[PDB]
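Below sits a lone chain in structure tokens, taken as the form deposited in one PDB entry.
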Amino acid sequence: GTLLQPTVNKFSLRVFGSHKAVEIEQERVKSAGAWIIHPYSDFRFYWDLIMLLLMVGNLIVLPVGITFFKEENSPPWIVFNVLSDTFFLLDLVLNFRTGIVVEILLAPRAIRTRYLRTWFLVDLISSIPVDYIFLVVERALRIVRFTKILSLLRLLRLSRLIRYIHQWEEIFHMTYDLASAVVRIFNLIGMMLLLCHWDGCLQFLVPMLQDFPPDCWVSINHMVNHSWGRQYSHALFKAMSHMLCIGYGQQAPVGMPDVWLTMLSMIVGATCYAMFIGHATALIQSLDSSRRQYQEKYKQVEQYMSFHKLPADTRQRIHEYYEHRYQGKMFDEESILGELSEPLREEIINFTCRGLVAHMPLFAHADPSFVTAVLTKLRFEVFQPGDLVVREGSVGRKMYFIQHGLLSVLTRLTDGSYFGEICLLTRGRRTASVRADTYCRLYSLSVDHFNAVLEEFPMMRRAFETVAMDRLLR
């Protein structure tokens, strides 16, 4: 009895919010009882999965059954039509109690007026069997052709199929992350295949109603008395060749109703192929945008290089810097770390600098709170070999830690080491000079952040003082 209520699911959590909002929605459904179908409930799922398959089966089978078969009084055809009319009438009956997303669950007022204003007439016309009525109520050939065109009123179920497919596609952008362009283009492919299947049946249907004049292509190809499969094959070939703008026959089409159907199918095919090109272009432009932005940024850089007329060796030095800095990846490290929360930043920086945790003895013994408080305030820097990181007699600004590479002070030291220590404490000038031997990834620490961390932790101040005196002894 709870199947009319929306259950607790991932889409339910992402739409309603917490479990309490889901319970509020369930109580709003339970305001009335067995009169309201919530539009996110599993009953609408369990119904629409049936109705989509039935609608696809009818929209494929029904024109082939109308146009190509001669004796329309076969029993399983009548059984199939009766079943289709039954389910598509029960669908409207269940629609009457259903909810409407704009979620207006007011049953006696909003539902009835929203149907009678928007989408009751089309579903009502497509639901009921019109041809059986005129058969019961009622020059026989005009009557039979009239009943055939009336039986073509079943084709308005397409408008309901489109509505349910768009409701599904609005649902499954949220339970699964899907590229939008893929959904759009497979929707368009289904529409195009369906339209070509219509035009085949139509271009056989029109010479049927005129009792095959000698001007029509069926009489010219002498294929009146073949089986329905081969006639369907030739008609579909003709329709697809008009639709993809080919050029079908030897002669121009002579009969006047052939000309206008031809022109109609040509226009429809040209517009559908144009929209298909558009969707394919929009899909292709969204494949390697991360690599494309890197390309645009380097175009911008060499534009700036050209503006100041820089030398060639400097230009390739810049190029090597970008190749060993970004590695073809155009990411904004500031905004991504800004969009996150604090524990995510802590976990990321721990995973990136557990090597610096492991090699350094000062981080081996201290509290991990202190370790994270240091690590959250570093900055990643990359140097090229031959460069002097710190020159002697500087102002003194920053400390450095060593991720990779080895560095030479004119006394060499490899990765896992550190320098820039004592000049922050003594506040003096730079004692020795540090060179870059290779590409060396470094993390840097600002002095204001350093004093803030020392204000947060007094014992590591004495630890740095002891290791600075040891460094002075070295």
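Each form is matched to the other, and the largest set of C-alpha atoms that superpose within 1.5 Å is called the rigid core. Residue indices: 1-based, along the sequence shown.
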Between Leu410 and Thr411, count the deposited residues left without coordinates and pick a bin: none, 1 to 3, 4 to 9, 10 or more. 4 to 9
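Separately, the form deposited in another entry exists; it is not shown, and the next lines address it.
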Determine, with the core as the superposition reference, the one member of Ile284, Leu178, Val395, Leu90 that shifts its CA by 2 Å or more between this form and the one not shown. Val395
Does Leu362 shift between this form and the one not shown by 2 angstroms or more at the C-alpha, the core having been superposed? yes
Superpose the two forms on their rigid core, then report whether the C-alpha of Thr431 is displaced by 2 angstroms or more between this form and the one not shown. yes
For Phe450, state whether the C-alpha moves by 2 Å or more between this form and the one not shown after rigid core superposition. no
